[PDB]
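Chemist: Chains from the complex, first installment, not repositioned:
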Amino acid sequence: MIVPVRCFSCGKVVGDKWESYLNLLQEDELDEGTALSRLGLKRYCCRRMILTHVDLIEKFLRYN
Amino acid sequence: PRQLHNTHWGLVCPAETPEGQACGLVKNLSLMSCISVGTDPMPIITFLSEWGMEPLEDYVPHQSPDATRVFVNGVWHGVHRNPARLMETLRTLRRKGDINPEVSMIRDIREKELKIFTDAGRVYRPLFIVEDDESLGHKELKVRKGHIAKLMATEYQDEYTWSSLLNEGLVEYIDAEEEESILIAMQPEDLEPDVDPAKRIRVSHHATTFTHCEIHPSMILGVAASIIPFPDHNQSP
Amino acid sequence: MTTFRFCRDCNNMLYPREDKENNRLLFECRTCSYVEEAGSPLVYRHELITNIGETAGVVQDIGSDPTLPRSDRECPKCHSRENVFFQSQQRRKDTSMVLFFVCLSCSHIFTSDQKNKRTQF
Amino acid sequence: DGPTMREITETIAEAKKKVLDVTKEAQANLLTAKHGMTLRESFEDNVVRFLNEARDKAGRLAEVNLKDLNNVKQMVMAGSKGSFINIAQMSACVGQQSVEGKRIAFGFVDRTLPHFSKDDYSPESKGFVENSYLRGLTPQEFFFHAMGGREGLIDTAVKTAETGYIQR
Amino acid sequence: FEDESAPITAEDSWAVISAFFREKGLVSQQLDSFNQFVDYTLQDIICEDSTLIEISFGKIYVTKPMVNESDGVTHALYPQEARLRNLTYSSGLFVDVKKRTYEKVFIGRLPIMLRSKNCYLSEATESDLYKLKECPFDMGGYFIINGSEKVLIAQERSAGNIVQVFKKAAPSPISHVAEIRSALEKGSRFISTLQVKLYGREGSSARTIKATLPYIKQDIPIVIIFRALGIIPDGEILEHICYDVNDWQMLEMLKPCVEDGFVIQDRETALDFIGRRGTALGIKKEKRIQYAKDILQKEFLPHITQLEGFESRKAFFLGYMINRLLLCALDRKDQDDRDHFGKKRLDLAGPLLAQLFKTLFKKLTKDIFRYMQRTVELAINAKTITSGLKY
């Protein structure tokens, strides 16, 4: 719905990286995997966390 | 009625059916099937006798034995002596829109029949149309790269559309019945005339007469099976 | 190979009759008082093993049928190598899987049947 | 192994040639039936022997080539799960598909799908699947395996219900 | 600059397929069929039985969607609210009636399919969808009836109007039959079955053929049917059946047919033999004769014409069917595949609801002629249609 706070599998906080992940892509033009490695998310478990989140809240907040 | 039959190719999914008693009888339309809504036959009829159709009251089989019987929704309305003329025009006319695209026409060349259908409930799909020529040597698909880009410019502006594709004679809709009078290429490269030991074997184009090509084989599936990854690497059940 | 006759005046079918005195075959009608003599003495035939219909469909336009396979066989007539080919169109369980080829310049029909007993088709 | 798959691929190639000569042979009318069995039946019985004898040789091929440490093999070895046919289909070739005891039949007129020409009795036209699951199937193949598949899924509900009533 | 003429490649298929789905989306089958209902089938349902015994209905409008209230009354209804109040996302029907002498106007509620042209949400934009509390992703093609969302499942049936031949198994005395289910887009949907039977198994004694017409309680030799239509001489009869004079095979097949019908040599007679098989002893000949004429003009192959001059067309089609049967008997063609999907039709929303709303507009128009057979002298039950739909 919203970034999850930690990697399901390792504990790494990952909830504090979504803003940035998305600024890394749209503002500084990185491909999704150099981006993720910039955030330090270098095991595949945390990668998948960022890489597959879907921000559904964004669509929830359009309702009044 | 429960079995998958060759003729459901591309119109219903070969995989999605519930288990048990419904097995087989409950189906789901392929991602790209549609179903006709019916359209009235009377211009077709009228066109036909503009083009030389002879009416049943004049027919004398003994004096025109070579003739092609012409049926429209299941009525014999008469006979014609050049169906190939007739048929090249009919198709032209449906590939520019003047006969509606969801109409079906078949000629059966050895049966000496030409059957057209304009009723609802027929299920259909689109295919590419493949034409000789060109000029450029072989049989080629009528869409080409420029058509695609007009497609994708439109996509990115979010005007060329689906329908532009039907109007221009590049794609046409085919129902099971007319599928029997065609020959379709599975990938556009079967038209052009050392392998990767890991790739699958495919057995070539032993074909110079395609009239069409599939848009994508992965459209034979339905909604659900379109979510399985690599279902071409799985046992069918 | 019977060939079938009708009344000149009515168009109804004719039936055989023996001319009892002169020992000959007549066709008469059952409606008119028409009669005529018979063309042959064959009045009926029953083929248990039949070929009529092996070559059903060979039509002027056979070659524009895109379904048909094509081969580079040559004809006995044209020395042409543009054929279309099919199997027997009878539709028997008891058919052979021989090929009938259709020369697309001269329209001659020819088989791959090595034991060819057939003149015509 | 790359060598094994080249031997599988030939194994398969050889069977398709044997069917091709049987073909031509029938197509010249030099094939004989034997006694009450039709010509065509005779032909089918022969190409399906050929194609399955392929399938099999191709699989024994795979099975041999794989090592003791092959975990699928270790399961079959022990008994715990998997058989030959499994190795075979996964790794070497899935095989002839069939619906009521026969090759895929001509549901369209004189053909199994409109991507073929008419009168085609070859392997590929009526349902042999050359590929393995690793390699994946083609579209045509795909559809004839599902025809096949389907036949089981019905045959297994009818089985299960016929079976429960007898039992009671 | 890349050639515009260039041939495409496998990647380029997805563009075409995206284009297909931007235009059509995923449930057009649903939408296109409702929309044609709304726009065309409706109205056509009113101008078949428009007049009675005078009164004739004209044009239809269909409202946007709305509700009959509890108190404070009649109101635009959005799909969000119909769901939550257990309402029925419906609009109403209005004809144009005519009194004319010989011895607007509400008529009901039609459940409307979501995203059809008549539902608010087809025109809406994204924003508009959110305001309305409709998820932008919802796709439509279902109705709301009493608050529950309800989908029609396509139904598969055989097509009509198609000739099928069939061999028949071993202890049967017929060996093949050929069969058509004749029927209409305009008239009604009145479904006559013609069957054409070949009597006796493979070498019985005179194998004949005979045809089962409706209300006729014996099977009729086919040559008698051709004379009742007007084709009298063996010669012309066989010609509409065997279109090749050197098929001695087929014609030899037609001989016992000709002996079967040799007793009847002109069309009056033919009428009459059929007429008698349809009437009781007593009925007079000219009434017999016209029975037979009416069966044949109106209930024998009706997909061909149901009106007066149309005999050479039915004779030929009967002939063709017999040609079909014989070709199967003679083992030149296979029995028909009853599993050819091309021969099936699948019925959706449109036509399912036209089975229905024609069936009930024909109660509703017969309730009008009882405002009228019992008037010794704008008074219409509306609901019948509203609640036959929703029910």
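Modeler: That came in fine, so what should we check first? Numbering: from 1, shown residues only, chains lettered A, B, ... in the order given.
Chemist: Mind checking what secondary structure the closest residue to residue E:26 other than its chain neighbours has?
Modeler: Leaving aside its sequence neighbours, residue E:26 sits nearest to residue E:139 (Cβ to Cβ, 6 or more residues apart in numbering or on different chains; 5.7 Å). C-beta coordinates here come from the backbone N, C-alpha and C atoms, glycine included. Assigned with DSSP: H, G, I helix; E, B strand; the rest coil, residue E:139 falls in the coil class.
Chemist: need the contact list for residue E:139.
Modeler: With contact set as Cβ atoms under 8 Å, 6 or more residues apart in numbering or on different chains, residue E:139 has these partners: E:25, E:26, E:27, E:115.
Chemist: tally of neighbours for the second one?
Modeler: The local packing count at residue E:26 equals 14, with neighbours defined by other Cβ atoms under 10 Å in any protein chain shown.
Chemist: ok, now the first one?
Modeler: With neighbours defined by other Cβ under 10 Å, the count for residue E:25 comes to 14.
Chemist: measure it to chain B for me?
Modeler: Per Cβ to the nearest Cβ, to the nearest Å, residue E:25 is found 11 Å from chain B.
Chemist: With adjacent residues omitted, what lies nearest to that residue?
Modeler: Leaving aside its chain neighbours, residue E:25 sits nearest to residue E:139 (6.3 Å; criterion: Cβ to Cβ, 6+ apart).
Chemist: hey, where'd the helices end up in chain A?
Modeler: In chain A, the segments counted as helices under DSSP state H are A:18-26, A:32-38, A:44-51, A:57-60.
Chemist: tack on chain F:
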Amino acid sequence: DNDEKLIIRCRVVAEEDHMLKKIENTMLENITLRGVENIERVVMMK
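Modeler: Next up, chain F placed on what we already have:
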């Protein structure tokens, strides 16, 4: 049996081509030549 063609020729012993063509069907179907009723194919196997 030498004869190169096998031919059977039949006559009856006044309205005479009906009896012929029923006669013909008895011929062809209800005459057992060799064999035992009901046994349609037989195959050897080793």
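Chemist: Is the closest residue to chain A within chain C in a helix, a strand, or coil?
Modeler: Using Cβ to the nearest Cβ, residue C:66 is the residue of chain C that sits closest to chain A, at 46.8 Å. Here residue C:66 takes the coil state, with states given by three-state DSSP.
Chemist: wait, it sits on residue B:182?
Modeler: Yes: Residue C:66 is within contact range of residue B:182, at 6.4 Å (criterion: Cβ atoms under 8 Å).
Chemist: what do those two both touch?
Modeler: residue B:211.
Chemist: Not counting sequence-adjacent ones, nearest residue to the residue of chain C closest to chain A?
Modeler: residue B:209 (4.2 Å).
Chemist: That neighbour: what's it in contact with?
Modeler: By Cβ under 8 Å, 6+ apart, the contact list for residue B:209 reads B:139, B:183, C:66, C:70.
Chemist: Can you give the domain ranges for chain C?
Modeler: Here the domain parsing of chain C from curated CATH domains is C:1-46, C:47-121.
Chemist: which one of the ones you listed lies closest to residue B:106?
Modeler: With Cβ to Cβ as the measure, domain C:47-121 is the member of the domains of chain C nearest residue B:106 (11.9 Å).
Chemist: so residue E:217 makes contact with residue E:276?
Modeler: No: contact between residue E:217 and residue E:276 fails when scored by Cβ under 8 Å: they sit 10.0 Å apart.
Chemist: And those two? Which one has more around it.
Modeler: Neighbour count, other Cβ under 10 Å: between residue E:217 and residue E:276, residue E:276 has more, with 19 against 9.
Chemist: and chain G on top of that:
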Amino acid sequence: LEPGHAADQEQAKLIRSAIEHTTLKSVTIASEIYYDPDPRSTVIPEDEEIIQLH
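Modeler: So, slotting chain G in with the rest:
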């Protein structure tokens, strides 16, 4: 097959043919009805020989 005679391919042929049901029909290529009025000679070239044996 009978105890001596069970691995003669040719004695099991015979046995198959004594059993397998056989009608005129399985052996008959065509039938025909001709008007051939004079039972001592014939309209049929080919059966001159046949006739000529009586």
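Chemist: The contacts of residue B:209 again, this time with chain G added?
Modeler: The contact partners of residue B:209, by Cβ under 8 Å, 6+ apart, come to B:139, B:183, C:66, C:70.
Chemist: And the furthest pair within those?
Modeler: Using Cβ to Cβ, these span at most 13.8 Å, a distance reached by B:139 and C:70.
Chemist: Tell me which residue of chain C lies closest to chain B.
Modeler: Counting by Cβ to the nearest Cβ, chain C gets nearest chain B through residue C:57, at 3.1 Å.
Chemist: Can you tell me how far that residue is from residue C:88?
Modeler: Distance of residue C:57 to residue C:88, computed by Cβ to Cβ, to the nearest Å: 11 Å.
Chemist: what is in contact with these two at once?
Modeler: Counting by Cβ under 8 Å, 6+ apart, residue C:57 and residue C:88 have no contacts in common.
Chemist: Between those two, which is the more surrounded one?
Modeler: residue C:88 (20 against 16).
Chemist: With just CA atoms, put stretch A:6-24 into PDB.
Modeler: Listed in PDB are the C-alpha atoms of stretch A:6-24, where the atom choice follows Å, rounded to 0.1, in the frame of the first residue of the first chain:
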ATOM      1  CA  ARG A   6      11.900  -3.200   6.700                       C
ATOM      2  CA  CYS A   7      13.100  -6.000   4.200                       C
ATOM      3  CA  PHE A   8      10.800  -9.000   5.100                       C
ATOM      4  CA  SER A   9      13.700 -11.200   5.200                       C
ATOM      5  CA  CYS A  10      16.800  -9.300   6.700                       C
ATOM      6  CA  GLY A  11      15.300  -6.500   8.900                       C
ATOM      7  CA  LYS A  12      17.200  -3.700   6.900                       C
ATOM      8  CA  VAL A  13      15.100  -0.500   7.200                       C
ATOM      9  CA  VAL A  14      13.900   0.100   3.700                       C
ATOM     10  CA  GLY A  15      11.000   2.600   4.600                       C
ATOM     11  CA  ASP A  16      13.100   5.600   4.700                       C
ATOM     12  CA  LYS A  17      14.400   5.000   0.900                       C
ATOM     13  CA  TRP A  18      11.200   5.300  -1.200                       C
ATOM     14  CA  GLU A  19      11.400   9.100  -1.800                       C
ATOM     15  CA  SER A  20      14.800   9.000  -2.600                       C
ATOM     16  CA  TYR A  21      14.500   6.000  -5.000                       C
ATOM     17  CA  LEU A  22      12.000   7.700  -6.900                       C
ATOM     18  CA  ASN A  23      13.900  11.100  -7.000                       C
ATOM     19  CA  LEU A  24      16.900   9.000  -8.200                       C
END
